[PDB]
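Protein chains in written order, with the deposited numbering: chain A, 4 to 535; chain A', 4 to 535. A prime marks a further copy of an entry chain. A virtual CB, placed ideally from N, CA and C, is assigned to each residue, including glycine.
2 protein chains.
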Amino acid sequence: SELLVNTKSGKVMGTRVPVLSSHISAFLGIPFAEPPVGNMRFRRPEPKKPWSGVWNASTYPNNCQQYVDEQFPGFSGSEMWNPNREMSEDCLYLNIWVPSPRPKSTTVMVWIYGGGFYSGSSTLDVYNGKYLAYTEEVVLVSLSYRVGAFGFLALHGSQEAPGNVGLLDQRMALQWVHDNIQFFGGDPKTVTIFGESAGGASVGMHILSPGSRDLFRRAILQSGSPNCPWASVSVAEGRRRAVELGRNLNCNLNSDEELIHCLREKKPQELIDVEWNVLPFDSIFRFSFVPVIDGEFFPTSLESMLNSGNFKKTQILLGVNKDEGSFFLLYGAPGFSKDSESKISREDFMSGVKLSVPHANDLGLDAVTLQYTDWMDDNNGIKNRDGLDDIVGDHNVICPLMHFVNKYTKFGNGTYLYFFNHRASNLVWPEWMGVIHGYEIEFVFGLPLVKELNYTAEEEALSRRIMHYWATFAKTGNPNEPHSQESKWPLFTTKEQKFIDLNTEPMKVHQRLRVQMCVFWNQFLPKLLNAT
Amino acid sequence: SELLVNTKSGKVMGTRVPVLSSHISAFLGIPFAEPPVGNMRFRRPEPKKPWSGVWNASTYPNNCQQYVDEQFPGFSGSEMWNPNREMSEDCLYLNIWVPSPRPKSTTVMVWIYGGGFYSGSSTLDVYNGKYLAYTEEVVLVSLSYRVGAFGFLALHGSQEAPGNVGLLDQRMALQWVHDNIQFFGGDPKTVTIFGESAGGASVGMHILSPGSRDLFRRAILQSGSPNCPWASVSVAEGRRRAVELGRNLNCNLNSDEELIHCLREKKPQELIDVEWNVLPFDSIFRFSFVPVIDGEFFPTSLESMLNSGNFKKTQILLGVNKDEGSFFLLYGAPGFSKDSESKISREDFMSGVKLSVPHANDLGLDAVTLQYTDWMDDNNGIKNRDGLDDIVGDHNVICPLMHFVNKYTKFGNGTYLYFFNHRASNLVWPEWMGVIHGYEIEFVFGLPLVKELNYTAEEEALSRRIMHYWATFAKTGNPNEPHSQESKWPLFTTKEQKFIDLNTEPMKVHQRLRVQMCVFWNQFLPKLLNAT
């Protein structure tokens, strides 16, 4: 039977699903690790033990235990990201969407969801691989990993919570796709991993980590790179927050074993209730428990790895959204409202720069302010709003990704850079937010193709171009069709530094994506804070 | 006789001179101090002793002993600034241009030439007061003062070379205009002093110094303000250069008396031959001997005086040229040539920033470079050239004057700001130099009116507007005609910060002259260098 697959871990029974008035197979909820519960909390994942009989994989698995956003009850705009299933510490499962009829050896794409390393589910609607699998004819896999303290608590030196166990979860899932995707029609020697936000940073992290390099062929990173100021911490800081977390739940702090044990005896929702209290600064776009530069998953520091060429040389396609910042100013910067034009005054502007560059002395806050203020119109509320929006995005997503792409391109075998600047017509968020963080995902998964979701004709077109770019790249390492007649997506080179915009308009090539600011955030400011 | 005047110092015989096919009286070379020769070198000026008989004032006096530019032998472009008379330590004289018939009590204007405090003459052609006196009907006085070491050597504590004796010379000249201009038809209670470059800085210095405040009514400052980075030094630095000068001429350095005596025995051209060797840095737009914040001529520091409102509150009219920098890059920055487009490479650009901000650490040089580089076109030779041109001007003339005008306007009784951005059609300098430093002077003195000099019809028009602005302001404290129908030169206010362009085009008002950069040069950079 087409829905029955015999893997190396046991037999799996999938289900047939409808898509764009046709059908494909779907194996949902396949396990790849032993339930990380009980004494296994904070501990590295262990391979799932084989099973006899057939595993029922026709319904989604549970969602990792996480923090849930309640800032806008009812609002689809924010709930479409919250977990849509029972949360449980027993979260390690993966989903496979296979074409019909089953391929013999087709291209594979593994999706790693984002969420700030503190949230995320594979089961969300926007992450439905059926549209993409069906339309591009690829085996779509979407894994899951532990988030928040559960997947990133770090007491370096102790094997009870080494840290980065969340990245290992992903590696585990990848190991399985490598040892078994062939029984699903997929070709293991041609797997592309791609992510967004924390997922884009995770991809970049597997490219750097020696232990993962051999498990994939190409990579796609969206609005996220490993060297982002929020994507990682030092063992010292990881240790500091591990303890402080323990201090909020009144735990014995005489030793690591002492602390870890107290934490393992707490209910999941108790570590989550106090999670946000460990941050070192009043900040925006920063998360408590995130990957830590331990010395194992990451040999040395990220910066020296990038400068030494110590990383998987392959092809990569990456890009960013026009307005990455807005989403975080709405939730944390004073002056922004989901229901107003949110024009910002001088006072709130400066309160914004303090919140955005939390690790900056008073001289740095001045540098940032000077670099982002039009003194000929200093009290223009729309300019202070759009300036704040820029600071948050440039510092957190764009200038960090441009530093990665430039360092990478020097030893890689192909780079393709994009700039998504199209605001979907059916967005429920205010206009001042613009091309919001993460909203390029719907086009990647092809949601515009389903009529009932209400996208325009040109939007559905954009979605097909993009699915064909991602899918073509995943297969060949080049987003462009061999002898096509369409516009070519030029290659990014240390010299030209070309890139393209991705919107419903005639492709346009450009150069040096936001260099003026990228130089301020990568060269000048870093140096300034060092000298002062 | 109209050409005979009986002053409080003695009788003076002037001469009748032709101007625009008419005539006016001219008393040239009137003495106002005792010859500062011999043991009087570096010493404060003493009032000229009265004389019997009639003093012959029909020919120009001698020029102060100074450094002469020989960078372009023959070139009118540079020689029109060199001394046109025998140089002599016996330089303290003044020139008066009086209308015909002699007025009873007309407005007076006293001109103080510029020259970096190291050069300058009242006798230069461009400084001929006859055109202005005649055309506007004012008594035009042009004084002279000692420059270079001769007028600015400073060994604080010693009465043999207190320093600022060059500013005192000017004060002396002003004291005379105050005690005698009435016998020339001038009204002493309505005298306007105006200057350019070092002269503009001298004016501003009399506005600050208690000892001069009572000797004039209004002030006009052109391309120069007292708080310019080149206009003054500390007693410590003045002392350092006084000694080093002594070290170049092999002088005994055991004591001030020891040093001063050796210097007083040297021929004038010997102190000049080594003058430029005392500068502390490899620099551009910096001069050896300049005014020093002693504690007498200047009560406290200039910055605290400006913040405390400690200065003559009156009306002032001031402005700058579009391209103040160019002239100094030509002479000292590598890459610039009087005969080429002088496109600058990255290497020379950066060699330029080092030369322009001599007192800046490696972090500051980076700030300046980042603030003045278009990274989307970083290797555009015309952009690096125009950027360098801007740095030099903003840091040395514009951003410093805007800081003065803003501090002043807070306690003054009227401010009028202009921006001269018209390149004369007959200029002999290359185009890349633009609206060159000091070339607005010809319009102030009305040279365009004389046909044979070859100016265009619209240029002569511009010259008359300007002479009427300066002359009207000198008389009333407002550049505009009471009930005129012409365009009004708006007043500059802390709030609006309005100003006008001064060119052959329909007057246009604007706001915040170069604020983006002025904030970088007045607030950020200063602070940066302090913290680092």
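In this structure residue 119/A touches residue 201/A by the C-beta definition: roughly 5 Å separates them, less than 8 Å. The C-alpha of residue 463/A is placed about 48 Å away from the C-alpha of residue 242/A. If you ignore the 5 residues before and after residue 215/A', its C-beta comes within less than 6 Å of the C-beta of 174, 209, all in its own chain and listed in chain order. Taking C-beta separations shorter than 8 Å and ignoring five residues to either side along the sequence, the partners of residue 304/A in its chain run 296, following chain order. Within chain A', the C-beta atoms nearer than 8 Å to that of residue 519/A come from 377, 378, 379, in chain order. With a contact defined as Cβ atoms closer than 8 Å, residue 133/A and residue 22/A qualify at about 4 Å.
Taking 7 Å as the cut-off, the beta carbon of residue 366/A' is found no closer than this to the beta carbon of residue 356/A'. Note that the stretch 51-71 of chain A' touches the stretch 88-96 of chain A'; at least 3 beta-carbon pairs, one per stretch, sit closer than 8 Å. Taking all protein chains in view, the Cβ of residue 436/A' is crowded by 16 or more other Cβ atoms within 10 Å, so the residue is classified as buried.
Under the Cβ distance rule, residue 516/A' does not count among the residues neighbouring chain A, no pair being separated by less than 7 Å.
Using beta-carbon distances, residue 534/A' counts as an interface residue toward chain A, with a partner under 7 Å. Residue contact with chain A' for residue 527/A: present (Cβ-Cβ distance below 7 Å to some residue of chain A'). With a contact defined as Cβ atoms closer than 8 Å, residue 477/A and residue 221/A qualify at about 6 Å. Taken in chain order, the complete beta strand (DSSP E) segments of 3 residues or longer contained in the stretch 441-513 of chain A' are 501-505. Runs of beta strand (DSSP E) with 3 or more residues, each lying fully within the stretch 142-207 of chain A', are found at 142-145, 189-199, listed in chain order.
Residue 396/A: member of the alpha helix (DSSP H) spanning 384-396, first to last residue. At a cut-off of 7 Å, the C-beta of residue 373/A has a neighbouring C-beta in chain A'. When secondary structure is reduced to three states using DSSP, residue 534/A falls in the helix class. A straight line joining the alpha-carbon of residue 427/A with that of residue 438/A spans about 8 Å. According to DSSP, residue pairing for residue 326/A' in a beta bridge involves 439/A'. DSSP places residue 77/A in no beta strand (DSSP E); its state is neither H nor E. Within the same chain, and ignoring the five residues on either side of residue 149/A' in sequence, the residues whose Cβ sits closer than 6 Å to its Cβ are 67, 169, 172. One finds nothing in chain A with a Cβ atom closer than 7 Å to the Cβ of residue 276/A'; even the nearest lies about 41 Å away. Cβ-Cβ separation between residue 378/A and residue 522/A': approximately 6 Å, consistent with a contact (criterion under 8 Å).
Judged by their CB atoms, residue 228/A' and residue 31/A' are not nearer to each other than the 7 Å cut-off. For residue 518/A' and residue 429/A', the gap between their C-alpha atoms comes out near 32 Å. Note that the C-beta distance between residue 512/A and residue 529/A is not below 7 Å. As summarised for the stretch 37-103 of chain A, the continuous alpha helix (DSSP H) elements at least 4 residues long and confined to that stretch are 79-82, given in chain order. A Cβ of chain A is located within less than 7 Å of the beta carbon of residue 522/A'. In terms of Cβ geometry, residue 157/A' and residue 151/A' do not form a close pair [threshold 7 Å].
Against chain A, a Cβ distance below 9 Å from residue 369/A' picks out 526, 527, 530, 531. Residue 8/A' sits in a strand when the DSSP states are folded into three classes. From the beta-carbon of residue 404/A, no residue of chain A' is found nearer than 9 Å; the closest lies around 17 Å away. Contact with chain A is absent for residue 224/A', since none of that chain's Cβ atoms lies less than 7 Å from the residue's Cβ. As far as DSSP is concerned, residue 287/A' takes part in no beta bridge.
DSSP lists 21/A as the bridge partner or partners of residue 26/A.
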